[PDB]
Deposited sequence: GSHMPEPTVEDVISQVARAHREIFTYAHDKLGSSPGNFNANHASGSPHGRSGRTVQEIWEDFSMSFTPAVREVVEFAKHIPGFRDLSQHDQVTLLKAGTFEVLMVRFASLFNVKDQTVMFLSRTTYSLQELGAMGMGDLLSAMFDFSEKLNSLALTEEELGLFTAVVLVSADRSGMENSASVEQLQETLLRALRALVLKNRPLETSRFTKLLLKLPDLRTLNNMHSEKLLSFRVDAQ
């Protein structure tokens, strides 16, 4: 499809789908986190070209890039000034209150990343198109057909280039600043994807 078809479709799905004791915090986390992951999978279906990939490649991409998508999606839920993170159930928590989980370092890394992402002032369209780019930009190890994924990545990368130029033409490095978040996201995934979660058994 055309670049304006990609922006319109990806941004529409982005609005439709996305937009105090240790044990109780882990139940609120689990009940917020599980639908959040499902939302990434539903958003992925609505990405022009994603369903055309083989079932294996779709699952491989979602398994590799869902943590990174959640870091971008949850970035706005981190209040850098108040030092408060809100969960998908509208419950707000202090950093200290949340220290009783494993993470600790993941939560402070998230405050820095959201702050960095905030300085860009992405419009909803831009954020939705970046979220799609993040998902298709995951490690392509174990892909039956990496070529199909690379072409899906460049289709979303061209639409993001155009949207960002349409919005802030004078800010010629806006696209660059967005591609520069990719190794930051890759470091956070490499540093924190192995951290442990607790569930009532």
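Residues of the deposited sequence that lack C-alpha coordinates fall in the stretches 1 to 6, 26 to 52, 235 to 237.
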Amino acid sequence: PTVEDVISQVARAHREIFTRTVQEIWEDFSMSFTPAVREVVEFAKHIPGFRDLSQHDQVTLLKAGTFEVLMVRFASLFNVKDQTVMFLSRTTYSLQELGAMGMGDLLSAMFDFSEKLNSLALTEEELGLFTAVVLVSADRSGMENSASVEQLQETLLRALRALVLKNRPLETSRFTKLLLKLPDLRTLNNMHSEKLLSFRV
From here on, numbers count along this sequence of modelled residues.
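When 117 to 125 is weighed against 92 to 100, 92 to 100 comes out higher, by mean CA B-factor as recorded in the entry. For the segment pair 186 to 194 and 20 to 28, the entry gives 20 to 28 the higher mean B-factor, averaged over Cα atoms. Among the modelled residues of its chain, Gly142 has a C-alpha B-factor that falls in the highest third, as given in the PDB entry. Among all modelled residues in this chain, the alpha-carbon of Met71 has a temperature factor (C-alpha) in the lowest third. The deposited CA B-factor of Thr131 belongs to the lowest third of values across its chain.
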